[PDB]
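Data block below; observations after.
Please note: Cβ atoms are built from the backbone with ideal geometry, for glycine as well, and neighbour counts cover all protein chains shown. Values in this text are rule-based calculations from the coordinates and carry no lab data.
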Amino acid sequence: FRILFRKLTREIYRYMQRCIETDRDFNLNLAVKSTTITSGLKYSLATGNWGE
DNA sequence: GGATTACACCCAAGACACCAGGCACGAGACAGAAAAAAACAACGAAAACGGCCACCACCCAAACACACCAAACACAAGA
């Protein structure tokens, strides 16, 4: 979970780099790609390979 | 620095890339580089003042001699 959540926070940074340039208010519900942690946990528990 | 580490067989389970900066084209600005002109060096022409030979007179150089001093064989002294 630590690995996958640092992935997610890096995505949030990469997104706030672009969207903020537009100079708009953003609701953060399009800023988090929730599928990263879900897909990672599911991949590890379904394959056994413990990691990205 | 690499390279190799038993042989045969059975079963199950998941994936069979997604997403992000570079090539082309897509347009500005100082730098990669090109054109010019004005204060840089020299040379031609005129002006008059510094340079060369006279003229010149007083100050330093040579001769004469003075007395004075430094000096050198040797008759005498001496160990």
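Residue under question is A:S44, and the condition is that it be loosely packed, with under 13 Cβ neighbours inside 10 Å and assigned to a helix (DSSP H, G or I); does it hold? Taking the combined requirement at face value, the residue does not satisfy it. Residue count for the stretch A:17-32 under the criterion of being part of a helix (DSSP H, G or I) and more than 13 Å from DNA strand B (Cβ to nearest atom): the result is 2. Selection of the stretch A:1-43 for residues being touching an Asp or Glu at 6+ places or on another chain (Cβ under 9 Å) and free of Cβ contacts under 8 Å to residues at least 12 places away in the same chain yields only A:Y43. Residue-level check: of (1) in a helix (DSSP H, G or I); (2) within 14 Å of DNA strand B (Cβ to nearest atom), A:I3 misses just (2).
Out of A:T35, A:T9, I need the residue that is out of contact with any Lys or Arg (no Cβ under 8 Å at 6 or more places or on another chain) and within 12 Å of DNA strand B (Cβ to nearest atom). Which one?
A:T35
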